[PDB]
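The file my_file-v2.cif comes next; it holds mmCIF, C-alpha atoms; chains and numbers go by the auth columns.
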data_protein
#
loop_
_atom_site.group_PDB
_atom_site.id
_atom_site.type_symbol
_atom_site.label_atom_id
_atom_site.label_comp_id
_atom_site.label_asym_id
_atom_site.label_seq_id
_atom_site.Cartn_x
_atom_site.Cartn_y
_atom_site.Cartn_z
_atom_site.B_iso_or_equiv
_atom_site.auth_seq_id
_atom_site.auth_asym_id
ATOM 1 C CA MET A 1 -27.445 30.148 -2.850 0.00 1 N
ATOM 2 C CA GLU A 2 -30.925 28.784 -3.451 0.00 2 N
ATOM 3 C CA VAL A 3 -31.561 27.795 -7.049 0.00 3 N
ATOM 4 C CA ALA A 4 -33.826 25.657 -9.200 0.00 4 N
ATOM 5 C CA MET A 5 -32.795 22.110 -10.029 0.00 5 N
ATOM 6 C CA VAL A 6 -31.896 21.693 -13.681 0.00 6 N
ATOM 7 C CA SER A 7 -32.270 18.496 -15.673 0.00 7 N
ATOM 8 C CA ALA A 8 -30.944 17.894 -19.166 0.00 8 N
ATOM 9 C CA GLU A 9 -33.831 16.146 -20.881 0.00 9 N
ATOM 10 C CA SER A 10 -36.188 16.466 -23.825 0.00 10 N
ATOM 11 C CA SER A 11 -39.336 14.468 -24.473 0.00 11 N
ATOM 12 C CA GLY A 12 -39.939 10.952 -23.209 0.00 12 N
ATOM 13 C CA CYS A 13 -36.536 9.779 -24.381 0.00 13 N
ATOM 14 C CA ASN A 14 -35.630 10.905 -27.879 0.00 14 N
ATOM 15 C CA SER A 15 -32.074 11.765 -26.912 0.00 15 N
ATOM 16 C CA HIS A 16 -30.063 10.182 -24.123 0.00 16 N
ATOM 17 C CA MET A 17 -26.606 10.846 -25.514 0.00 17 N
ATOM 18 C CA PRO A 18 -24.623 8.857 -22.940 0.00 18 N
ATOM 19 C CA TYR A 19 -21.577 11.093 -22.723 0.00 19 N
ATOM 20 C CA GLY A 20 -19.140 9.128 -20.597 0.00 20 N
ATOM 21 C CA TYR A 21 -15.412 9.558 -21.095 0.00 21 N
ATOM 22 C CA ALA A 22 -16.447 12.102 -23.700 0.00 22 N
ATOM 23 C CA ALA A 23 -16.689 14.542 -20.816 0.00 23 N
ATOM 24 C CA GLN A 24 -13.225 13.417 -19.783 0.00 24 N
ATOM 25 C CA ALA A 25 -11.725 16.061 -22.037 0.00 25 N
ATOM 26 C CA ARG A 26 -11.654 18.148 -18.881 0.00 26 N
ATOM 27 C CA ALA A 27 -9.190 15.734 -17.321 0.00 27 N
ATOM 28 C CA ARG A 28 -6.918 16.264 -20.301 0.00 28 N
ATOM 29 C CA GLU A 29 -6.624 19.883 -19.231 0.00 29 N
ATOM 30 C CA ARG A 30 -5.953 18.844 -15.654 0.00 30 N
ATOM 31 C CA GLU A 31 -3.624 16.020 -16.612 0.00 31 N
ATOM 32 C CA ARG A 32 -1.212 18.766 -17.592 0.00 32 N
ATOM 33 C CA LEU A 33 -0.698 19.356 -13.889 0.00 33 N
ATOM 34 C CA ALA A 34 -0.532 15.619 -13.306 0.00 34 N
ATOM 35 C CA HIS A 35 2.819 15.758 -15.062 0.00 35 N
ATOM 36 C CA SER A 36 4.391 17.313 -11.990 0.00 36 N
ATOM 37 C CA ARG A 37 3.320 14.411 -9.808 0.00 37 N
ATOM 38 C CA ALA A 38 5.378 12.115 -12.002 0.00 38 N
ATOM 39 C CA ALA A 39 8.236 11.829 -9.537 0.00 39 N
ATOM 40 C CA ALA A 40 5.987 11.339 -6.531 0.00 40 N
ATOM 41 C CA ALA A 41 7.229 8.133 -4.948 0.00 41 N
ATOM 42 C CA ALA A 42 5.315 8.962 -1.790 0.00 42 N
ATOM 43 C CA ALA A 43 2.504 6.478 -1.288 0.00 43 N
ATOM 44 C CA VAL A 44 5.322 4.005 -1.805 0.00 44 N
ATOM 45 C CA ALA A 45 7.879 5.971 0.177 0.00 45 N
ATOM 46 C CA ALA A 46 6.319 4.780 3.414 0.00 46 N
ATOM 47 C CA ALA A 47 5.565 1.326 2.062 0.00 47 N
ATOM 48 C CA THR A 48 8.265 -0.947 0.695 0.00 48 N
ATOM 49 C CA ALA A 49 10.525 -1.995 3.544 0.00 49 N
ATOM 50 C CA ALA A 50 14.161 -0.944 3.490 0.00 50 N
ATOM 51 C CA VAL A 51 15.023 -4.077 1.548 0.00 51 N
ATOM 52 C CA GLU A 52 15.282 -5.949 4.827 0.00 52 N
ATOM 53 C CA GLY A 53 14.411 -9.541 5.641 0.00 53 N
ATOM 54 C CA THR A 54 16.431 -11.574 8.112 0.00 54 N
ATOM 55 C CA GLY A 55 15.252 -13.330 11.252 0.00 55 N
ATOM 56 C CA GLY A 56 16.211 -16.188 13.541 0.00 56 N
ATOM 57 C CA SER A 57 15.287 -16.072 17.209 0.00 57 N
ATOM 58 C CA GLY A 58 17.530 -17.945 19.613 0.00 58 N
ATOM 59 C CA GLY A 59 20.347 -17.567 22.113 0.00 59 N
ATOM 60 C CA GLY A 60 22.299 -20.788 22.492 0.00 60 N
ATOM 61 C CA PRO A 61 22.120 -22.639 25.817 0.00 61 N
ATOM 62 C CA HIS A 62 25.446 -24.054 26.937 0.00 62 N
ATOM 63 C CA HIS A 63 25.269 -27.316 28.848 0.00 63 N
ATOM 64 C CA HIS A 64 25.789 -26.644 32.536 0.00 64 N
ATOM 65 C CA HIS A 65 26.403 -28.981 35.450 0.00 65 N
ATOM 66 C CA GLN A 66 27.406 -32.387 34.142 0.00 66 N
ATOM 67 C CA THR A 67 26.097 -35.694 35.436 0.00 67 N
ATOM 68 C CA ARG A 68 27.372 -37.173 38.678 0.00 68 N
ATOM 69 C CA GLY A 69 31.013 -38.207 38.639 0.00 69 N
ATOM 70 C CA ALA A 70 30.551 -41.578 40.299 0.00 70 N
ATOM 71 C CA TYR A 71 33.262 -44.215 40.432 0.00 71 N
ATOM 72 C CA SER A 72 36.046 -42.508 42.346 0.00 72 N
ATOM 73 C CA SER A 73 39.558 -43.896 42.086 0.00 73 N
ATOM 74 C CA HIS A 74 41.744 -43.540 45.154 0.00 74 N
ATOM 75 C CA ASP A 75 43.375 -46.771 46.265 0.00 75 N
#
Rewrite the structure from the file as structure tokens, please.
Amino acid sequence: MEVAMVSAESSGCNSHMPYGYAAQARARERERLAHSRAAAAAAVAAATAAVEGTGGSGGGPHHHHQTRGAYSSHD
């Protein structure tokens, strides 16, 4: 849909009404639907471990094969 480019301006610069959040009144009308996303708990659903945190690698080697007997009594 070809169209001409519009540009809100008048004279060199005798009116540059910087309408910032002022044009945020539109969000106020959309925020009404942002009331349903209250109980979202999604982006966090995935995140936040299952309250888990316990480690400790290891097995437990049991001494095997003792030193030489030596000194044998039999007299």
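Of note, atom CA of residue 42 of chain N and atom CA of residue 54 of chain N are spaced 25.4 Å apart.
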If I wrap all listed atoms of segment 30-47 of chain N in a box with edges along x, y and z and add 8 Å on each side, what are its centre and edge lengths in Å to one decimal, as AutoDock Vina command-line options?
--center_x 1.1 --center_y 10.3 --center_z -7.1 --size_x 30.2 --size_y 34.0 --size_z 37.0
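Reported to one decimal place, the separation of atom CA of residue 5 of chain N from atom CA of residue 18 of chain N is 20.2 Å.
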Gap from atom CA of residue 30 of chain N to atom CA of residue 6 of chain N - Å, one decimal: 26.2 Å
